[PDB]
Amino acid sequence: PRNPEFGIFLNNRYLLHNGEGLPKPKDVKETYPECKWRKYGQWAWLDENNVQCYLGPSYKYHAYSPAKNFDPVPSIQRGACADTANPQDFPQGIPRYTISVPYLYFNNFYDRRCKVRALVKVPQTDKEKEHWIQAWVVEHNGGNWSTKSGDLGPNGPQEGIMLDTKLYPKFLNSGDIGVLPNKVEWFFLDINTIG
């Protein structure tokens, strides 16, 4: 069946045409300024009324996230998404590009965002031309890291993502602390819900 069911092939516009003809991105943080790291008994992503909140980066509102690497094989076998049914167009075997996301981007009971498509921007480096890739979310993680620190403490903000071990080094020049020095730009391919 056609995927997406309606409209343009958004993945092709990025992978083959770099986003040409589409608006320049805004940051998904601007969609929900009041969704912050706050304490209500425990530290969590909460709004100004102490209601759980999460974000939905789209092709219009990209996420810019501090990133570590991870091994996708144990995640696929026994991680947070291991019992999720394979959705439309999911690869056989280990997908070429995989990511893990923190609680800033899901609800763990009802909107888990397991085995969904994400586009990730790979900037120019000494090795790589600038280009977009398509990855699958295959894990959830804590994500208490920033571009300056691999560990913000047990209760520190949970913004960080993970990239598979073969995608991560594409972000580096030939010139690594365990978090990439620049935030990684990405969005959920099939989530276009904010104007």
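In this text, residue numbers run from 1 along the sequence as written.
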In the entry, residues of the deposited sequence missing between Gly175 and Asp176 amount to 1 to 3
Between the two ranges 20 to 28 and 183 to 191, the one averaging a larger CA B factor in the entry
20 to 28
Mean CA B-factor: is it higher for 126 to 134 or for 50 to 58?
126 to 134
Looking only at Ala82, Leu119, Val116, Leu104, the Cα with the top B-factor belongs to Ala82
When the CA B-factors of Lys68, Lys170, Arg38, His140 are compared as recorded in the entry, which is the largest?
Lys170
Lowest, middle or highest third: where is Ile76 by Cα B-factor in its chain?
highest
By the entry's values, the third containing the CA B factor of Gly156 is the middle
